[PDB]
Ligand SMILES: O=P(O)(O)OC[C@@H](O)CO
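Okay, here we've got a single chain as structure tokens, the form deposited without SN-glycerol-1-phosphate, with questions on binding and movement later.
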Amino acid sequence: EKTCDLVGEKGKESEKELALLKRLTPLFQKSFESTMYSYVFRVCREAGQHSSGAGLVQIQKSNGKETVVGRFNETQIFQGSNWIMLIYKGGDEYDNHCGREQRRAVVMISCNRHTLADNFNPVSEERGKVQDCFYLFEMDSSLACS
């Protein structure tokens, strides 16, 4: 029921993005985690433990505090020859960095003929800009293969 919402009112959405979401369906049931911080990622599904529409959360290992990095109600997806880029906007706001803008998760999914999905890896966080900051992640998936 609760799935990724694309930019644009019902019917105004990009046919390319709509087609891609449909292609990513086999990933909806999965969950990815990687650990200080523990990042949990899910495709168009609630990864958070607060029912806050979080598609990717960052759990503070010391006290189990959860920060929403991106919400799936603000999804953008597009692909190239052997990769798919997924972007979750609308995360929790920074308190000091990036003009206090909402956090954002950028996931680069590269082609891997050997698995439906694996090797989810947090790559880096860019919080040193006045705007357009982001957390970058990578993962493998045969769905990214063309």
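Heads up, when I say rigid core I mean the largest set of C-alphas that superpose within 1.5 Å between the two forms. The first residue of the sequence shown is number 1, and the count goes up from there.
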Between 46 to 54 and 26 to 34, larger RMS Cα displacement in 5 other deposited structures of this protein after core fit: 46 to 54
Farther-lying stretch by C-alpha RMS in 5 other deposited structures of this protein (rigid core fit) among 113 to 121, 91 to 99: 91 to 99
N63 preceded by how many uncoordinated deposited residues after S62: none
42 to 50 or 84 to 92, whichever carries the higher mean Cα B-factor: 42 to 50
Of 11 to 19 and 120 to 128, the stretch whose C-alpha atoms average the higher B-factor in the entry: 11 to 19
Candidate set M36, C111, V68, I77 [ranked by C-alpha B-factor, highest]: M36
Among modelled residues of the same chain, the CA temperature factor third for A144: lowest
Record-listed C-alpha B factor of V57: chain third: middle
Third of chain Cα B-factors occupied by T115: lowest
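Separately, the form solved in complex with SN-glycerol-1-phosphate exists; it is not shown, and the next lines address it.
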Residue contact check: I87 to SN-glycerol-1-phosphate in the entry with it bound, 4.5 Å heavy atom: no
Any non-hydrogen atom of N119 within 4.5 angstroms of SN-glycerol-1-phosphate in the entry with it bound: yes
In the entry with it bound, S31 touching SN-glycerol-1-phosphate (heavy atom, 4.5 Å): yes
